[PDB]
Amino acid sequence: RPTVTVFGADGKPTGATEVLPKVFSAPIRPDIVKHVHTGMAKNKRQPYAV
Amino acid sequence: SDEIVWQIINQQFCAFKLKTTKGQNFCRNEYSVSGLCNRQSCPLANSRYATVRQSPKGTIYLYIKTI
Amino acid sequence: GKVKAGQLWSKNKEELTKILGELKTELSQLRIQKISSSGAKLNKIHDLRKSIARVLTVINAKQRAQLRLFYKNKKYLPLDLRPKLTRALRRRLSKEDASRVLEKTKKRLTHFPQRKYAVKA
Amino acid sequence: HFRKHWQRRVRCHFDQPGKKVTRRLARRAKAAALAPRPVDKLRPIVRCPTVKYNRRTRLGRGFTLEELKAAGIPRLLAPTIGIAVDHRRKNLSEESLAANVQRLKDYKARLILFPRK
Amino acid sequence: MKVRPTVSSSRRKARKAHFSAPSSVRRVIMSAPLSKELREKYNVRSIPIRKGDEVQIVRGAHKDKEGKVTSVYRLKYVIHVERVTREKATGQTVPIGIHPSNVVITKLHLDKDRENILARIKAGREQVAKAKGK
Amino acid sequence: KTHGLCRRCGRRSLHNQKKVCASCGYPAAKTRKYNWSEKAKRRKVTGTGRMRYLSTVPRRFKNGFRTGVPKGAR
RNA sequence: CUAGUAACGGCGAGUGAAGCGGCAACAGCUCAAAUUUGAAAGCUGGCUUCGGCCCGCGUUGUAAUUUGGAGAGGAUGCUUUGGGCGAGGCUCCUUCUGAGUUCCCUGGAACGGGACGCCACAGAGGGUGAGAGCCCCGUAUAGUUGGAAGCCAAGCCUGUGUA
RNA sequence: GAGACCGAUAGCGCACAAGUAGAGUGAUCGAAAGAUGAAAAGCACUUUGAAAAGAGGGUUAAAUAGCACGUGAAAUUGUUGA
RNA sequence: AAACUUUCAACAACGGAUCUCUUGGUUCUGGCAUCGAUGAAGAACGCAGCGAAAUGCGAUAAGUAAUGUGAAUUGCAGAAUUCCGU
Ligand SMILES: [Zn+2]
Ligand SMILES: [Zn+2]
């Protein structure tokens, strides 16, 4: 799809449209997302020991 | 990209998926002809789809989704 | 029974030492007759003790202030009147000694001080 | 290489995000004191010693006396206007001299100076 | 959510501070809402309770019971109200504990410090409404 | 009896014949303390007693070790 | 990072750097070695009407000048100043600042369920007779009342000696 | 100020009288032990009798929650029935 | 036939597991730099009507002065002590 419609403050279409960027046509890779998200969620962690 | 959408839903996660120990999986989507999580009856993976639902006034409607 | 400290500060020295004697002779006479039926006498003893402390505080504060008026020109204050601080704070260099600098250093600061400037983009 | 007690002498770095905040606050604390001035002093352009890094060029410690006098900056004024001064370094070639008296001349063009009192 | 670093979101530090509080800050905790009539006249929502306050219980098994405060027990976070009592086994009538958050103050016990409290809340509430309005 | 009352540490660890404490070493100016007994250190360390003067130091530092009286006080 | 490199090794066990390079931070100075010699110019104490008087130290050396990528002394001509108040501001403590206890049901008790609202730069947390943004303390935001000590400082008084 | 930590045989030895109680001539060694209920309303009164105990009766939503107190497993034990 | 023993069930004991809780611990991070001959740290002896295997204090002894708040303390006795008020 070339364009995406821009909606107004009232919820109705304004009449202006924007072109969808190329990042929305990128590959969708669940294996990549899962691998990164597993290590990403570890990066906030705060150490514990006895 | 209907095959890619099925690969995310079936293998990873679906919010409408009910898993039982009895060997069959169930679909909790209200727009499903059969409450089962197979490929032929997924409202999400199938861009063109049909279902039949009942209004509380008693009227039966045919819901058609097009891509 | 209890004497407010507001009346305490206004009076002079001989009025304090007479009232302190009046509380002390009263306090001693209570405990002789407090050993039997220690009821409201025990509450009076608690109020008598607190009033003795308030009187003794005003006498000491007046005497210490009179000493600090006497030593206002002398340079050797008694040890009880000097400030406590800490031990190490009392052996630190004075504010004027540590701020003292050589004549060569003052000459360079007078004629070449740190300037105030900026660099444009 | 764990023959000695490496258990008693192991250092982690969980203060790495916290030390960066302190270091950036120290640069902000310094710029509050030196409010129109830049944080860091001007430094000269020098050539790296060895044969491995002869072709590379880095910032030095301070400007030579001959570089300051050629640019027109007096020696006793330079530390008070943001110019670092090195008495140990020598010039030894006209290429080291000309690169730095261009840098000091470029510093003066971009410098705005305010009177004393 | 919380922003300032001095603020703590610890349940442990909050529960320790509530149950080990001094009676000065127990007073602020032991505070009650004012009535609809008292809100529209003093422009004040909530003040701490003192002994002379006529009050009305609006939560608990003793709902819709009105009376004067008999005691402000800060050690157990309890107020006592006139004629809100139960009998022991012996027949002796004991005060029943109502928390200050379960009552609405109907009449204040006014002294010079109380009008100063009521003025300072009204001054701040008027100031921010003016600052928000204009 | 081998040991008697010690004036410094208050225990019955003062040897009668030698007149030297087994716990603190009373005739010695220094208090006996060894690093191979961390438990013995924490038994006599600062904070295990009254802390009679050292408790007052943190509050006075917070105020800058000030001296004087508040303005307009009686 | 160099780097388990160089080096040393019953050359087995093994031990084990540094220079260069990228960064973080940056700041430079004080004496002794000189003759103030046309003037010990320096300093500790004591008494003090606080203003300035005595004793002592010290010439076997206390000030000023100088500290080797320097310096001194002449000469010459340009360029630089010194004190005291001080409005006000920053830091930190404090005072105050939003909205339902509306109706029904269960319940010993609503803080639960249902209906209708409200606040939100505040739906962090805690208490309250059971899961509470709107019952209470707090929390967010700028302000605002009072105060403490440091620092800075607009300005305003004076400056002076062939320094 | 926090936590992808532990949750009363755990987590510091110590959530509580914890370097306490206790042991040793001494240096030293060093425990066990949290939880009624929303609120003590912590069982008035009658009646057994010498007791950290019953039978009535009462409080409480509940007393088979009675300061042996939330829940109350198993080992083990008693009574009744097959 | 009793008893005794065994198994199972109900009820009643013993014991304190399991579930739930947490004014405790553990670990990390951040701001700051303050003991003592002006007598510290530590050790005793005392001060409250009933009190410790607590806490506070020092013959001014569960405390006095001063400032702020503004109406308590509380297990029971007990205070003509204080409420438009130094
Ligand atoms: Zn599905
Ligand atoms: Zn000893």
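The numbers here are math on the coordinates, done by the rules we state, and not lab data. Using ideal geometry, Cβ is built from the backbone for each residue, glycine included, and neighbour counts are taken over all protein chains shown.
Evaluate the following for residue C:45: is it β-branched (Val, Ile, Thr), on the phi < 0 side of the Ramachandran plot and either within 19 Å of the chain's Cα centre (by Cα) or surrounded by fewer than 10 Cβ atoms within 10 Å (Cβ to Cβ) (or both)?
no
Given the residues F:8, F:32, which is the only one that is of a type in the set (D, E, K, R), touching a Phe, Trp or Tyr at 6+ places or on another chain (Cβ under 6 Å) and over 30 Å from residue C:5 (Cα atoms)?
None of the others qualify; the one that does is F:8.
From the set of residues in the range F:28-44 that are part of a loop (DSSP other than H, G, I, E, B) and either closer than 18 Å to residue F:7 by Cα or more than 16 Å from ligand 2 (Cβ to nearest atom) (or both), which is nearest to the other protein chains (Cβ to nearest Cβ)? Steps first, please.
Applying the first criterion (part of a loop (DSSP other than H, G, I, E, B)) to the range F:28-44 yields F:28-37.
Remaining after also requiring either closer than 18 Å to residue F:7 by Cα or more than 16 Å from ligand 2 (Cβ to nearest atom) (or both): F:28-33, F:35-36.
Working: F:28: 23, F:29: 18, F:30: 19, F:31: 19, F:32: 25, F:33: 22, F:35: 15, F:36: 16 Å.
Residue satisfying both the conditions and the ranking: F:35.
For the range D:57-70, check the following and say yes or no: at least one residue is of a type in the set (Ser, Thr, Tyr), closer than 30 Å to residue D:24 by Cα and without any contact (Cβ under 8 Å) to a residue 40 or more places away in the chain.
Applying the first criterion (of a type in the set (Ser, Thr, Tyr)) to the range D:57-70 yields D:57, D:64.
Then keep just the ones that are closer than 30 Å to residue D:24 by Cα; that gives D:57.
Those still in the list that are without any contact (Cβ under 8 Å) to a residue 40 or more places away in the chain too: D:57.
Checked against the condition, which is being of a type in the set (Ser, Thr, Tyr), closer than 30 Å to residue D:24 by Cα and without any contact (Cβ under 8 Å) to a residue 40 or more places away in the chain, the range D:57-70 yields at least one hit.
Which condition from (1) more than 12 Å from RNA strand G (Cβ to nearest atom); (2) farther than 26 Å from residue E:20 by Cβ; (3) free of Cβ contacts under 8 Å to residues at least 24 places away in the same chain is the one that residue E:107 breaks?
It fails just one condition, (3).
Name, by its number, the condition in (1) more than 16 Å from ligand 1 (Cβ to nearest atom); (2) within 14 Å of chain B (Cβ to nearest Cβ) that does not hold for residue A:30.
The one condition residue A:30 does not meet is (1).
Those residues that are part of a loop (DSSP other than H, G, I, E, B) and either acidic (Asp, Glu) or out of contact with any strand residue (DSSP E or B) (no Cβ under 6 Å at 6 or more places or on another chain) (or both), I need them from the range B:37-65; list them, please.
Answer for the range B:37-65, where residues must be part of a loop (DSSP other than H, G, I, E, B) and either acidic (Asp, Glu) or out of contact with any strand residue (DSSP E or B) (no Cβ under 6 Å at 6 or more places or on another chain) (or both): B:38, B:42, B:44, B:45, B:46, B:47, B:48, B:55, B:56, B:57, B:58, B:59.
Given the structure, is residue C:67 more than 14 Å from chain F (Cβ to nearest Cβ), part of a loop (DSSP other than H, G, I, E, B) and closer than 24 Å to residue F:60 by Cβ?
No: the conditions fail for residue C:67.
Of B:57, B:17, B:22, which residue is under 27 Å from residue A:32 (Cβ atoms), more than 14 Å from chain A (Cβ to nearest Cβ) and of a type in the set (D, E, K, R)?
Residue meeting the stated conditions: B:17.
What is the one condition in (1) under 19 Å from the mean Cα position of the chain (by Cα); (2) within 7 Å of RNA strand I (Cβ to nearest atom); (3) more than 14 Å from chain C (Cβ to nearest Cβ) that residue F:70 does not satisfy?
(1)
May I ask you to list the residues in the range D:77-117 that are more than 17 Å from the chain's Cα centre (by Cα), of a type in the set (A, V, I, L, M, F, W, C) and away from chain C (no Cβ under 13 Å)?
Listed by number, the residues that qualify are D:92, D:97, D:98.
Where in the range E:51-134 are there strands (runs of 3 or more DSSP E), lying wholly inside it, with at least 2 residues that are out of contact with any helix residue (DSSP H, G or I) (no Cβ under 8 Å at 6 or more places or on another chain) and more than 11 Å from RNA strand I (Cβ to nearest atom)? Can you show your working first?
Values: elements: E:54-57, E:65-73, E:78-81, E:85-87, E:93-95, E:103-107.
Fully inside the range E:51-134 and qualifying: E:54-57, E:65-73, E:85-87, E:103-107.
Looking at the range F:45-65, which of its residues are within 12 Å of another protein chain (Cβ to nearest Cβ) and surrounded by 10 or more Cβ atoms within 10 Å (Cβ to Cβ)?
F:54, F:56, F:57, F:60, F:61, F:65
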